[PDB]
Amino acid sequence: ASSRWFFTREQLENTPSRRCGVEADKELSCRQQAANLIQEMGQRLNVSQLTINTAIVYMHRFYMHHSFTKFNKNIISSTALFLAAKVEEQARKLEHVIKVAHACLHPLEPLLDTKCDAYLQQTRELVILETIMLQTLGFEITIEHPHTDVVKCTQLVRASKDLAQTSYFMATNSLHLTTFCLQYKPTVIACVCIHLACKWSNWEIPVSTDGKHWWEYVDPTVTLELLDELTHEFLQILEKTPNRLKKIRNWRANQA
């Protein structure tokens, strides 16, 4: 990414939402809730996990420049997915996105009347918000994700299917549950995810004939000290998201 899309600790603290009175933990919860919605919507729209990941990064970046108090995370989730789906060459109609968002957020409300003024107005709002989002993003629509680096590495180190799946899962979880995508390069986060997965499975990836550790093939700046630090931070974040933590434990239990 361009350097304006990585943020300092100070920048991640003093956000637009903070200046509107949103507590740091509440802002994190809003991001997590938005990612969760984007995931559910994407699934219903039958778009790729890539498309979903891209929309989640658009959401995270958008909220480095605007407050959750001003722009509803539900409408920005729709905007992000509508845009992402076009960018990732699996375009979805605005009506489809709107109806899927409605199915996710308002399952017990009646189905949307396409001909009514309220529906027409949310279509008009979404078109305007896409313009605002593109401007906010600097038209930098091309997003690199840790997943591609994860898969490349897990295949080369002859990971078991469980280790490969665990690494990919943790990459998706990193996007949903942390702001790592605003702080570190995708190659760093790929290593964090694989490291965590290895620790969880008590799996050791051998050093090479020149002594290089596996992560040195993925990112040339990464250290073990950084991997341990970021793994610990990731785990702390997971602990403070208790229902998602239960979900992850149920997932591994099922895998096991």
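Numbering starts at 1 and runs along the sequence shown.
Look at the mean CA B-factor for 227 to 235 and for 205 to 213 in the entry; the higher one is 227 to 235. Comparing the deposited coordinates for 111 to 119 and 72 to 80, the stretch with the larger average C-alpha B-factor is 111 to 119. Per the deposited record, the Cα B-factor of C104 falls in the lowest third when ranked against the other modelled residues of its chain. In this PDB entry, the Cα temperature factor of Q183 sits in the middle third of its chain's modelled residues. When the modelled residues of the chain are ordered by their C-alpha B factor, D219 lands in the highest third.
Ranked within its chain, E125 lands in the highest third, by CA B factor from the PDB record. Sort the modelled residues of the chain by CA B factor and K152 lands in the highest third.
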